[PDB]
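In this note's numbering, the protein residues as written are 326 to 444.
Written out below as structure tokens is the structure these notes cover.
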């Protein structure tokens, strides 16, 4: 085998994060979702059935690095040090929910989500 030189040996590990987070990007174009017409959310209706078999149980593990403050869906709030279950990915925004608190679901900027790939 053949290997070159290295240069990633320190005593204070710390991700290469900037002093401050960049200006959140612009919302993605008219989403291309698909399902039952949404509107009776306030009224309330049971029925959260979907994937029956094994369509694709391969989600992405991310972590919030910057404190995001939203107002309401589809916008979702996030807190640094929080992990979310990434299901889909549109434009410059992710689609999922807070694993710790599923009670809240929506989208968020990818620039705020740290995709962990330790595997």
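Just so you know, even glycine gets a beta-carbon here, dropped at the ideal spot from N, CA and C.
Cβ-based neighbour list, residue i, same chain, cut-off 6 Å, excluding 5 preceding and 5 following
{"i": "residue 411", "result": "384, 385, 387, 419 and 421"}
{"i": "residue 348", "result": "none"}
Near the ligand ZN: residue i beta-carbon under 7 Å from a heavy atom
{"i": "residue 417", "result": "The ligand ZN is absent from the structure shown, which contains no ligands of any kind."}
Exposed unless 16 or more other CB atoms sit within 10 angstroms - verdict on residue i
{"i": "residue 403", "result": "buried"}
{"i": "residue 329", "result": "exposed"}
{"i": "residue 440", "result": "exposed"}
{"i": "residue 389", "result": "buried"}
{"i": "residue 337", "result": "exposed"}
Cα-Cα separation, residue i to residue j
{"i": "residue 380", "j": "residue 335", "result": "43 Å"}
{"i": "residue 409", "j": "residue 332", "result": "32 Å"}
{"i": "residue 355", "j": "residue 444", "result": "34 Å"}
{"i": "residue 438", "j": "residue 423", "result": "12 Å"}
{"i": "residue 406", "j": "residue 434", "result": "15 Å"}
{"i": "residue 417", "j": "residue 358", "result": "16 Å"}
{"i": "residue 353", "j": "residue 392", "result": "20 Å"}
{"i": "residue 373", "j": "residue 398", "result": "18 Å"}
Contact belief for residue i with residue j at Cβ below 8 Å, rounded distance in angstroms
{"i": "residue 401", "j": "residue 369", "result": "Residue 401 to residue 369, Cβ: 20 Å. No contact."}
Same chain only: Cβ atoms within 7 Å of residue i, ignoring 5 sequence neighbours per side
{"i": "residue 414", "result": "420"}
{"i": "residue 394", "result": "402"}
| task | Starting from the N-terminal side, write out each stretch of the beta strand (DSSP E) that is 3 residues or longer and does not extend beyond the segment 380–404. | result | 385–388
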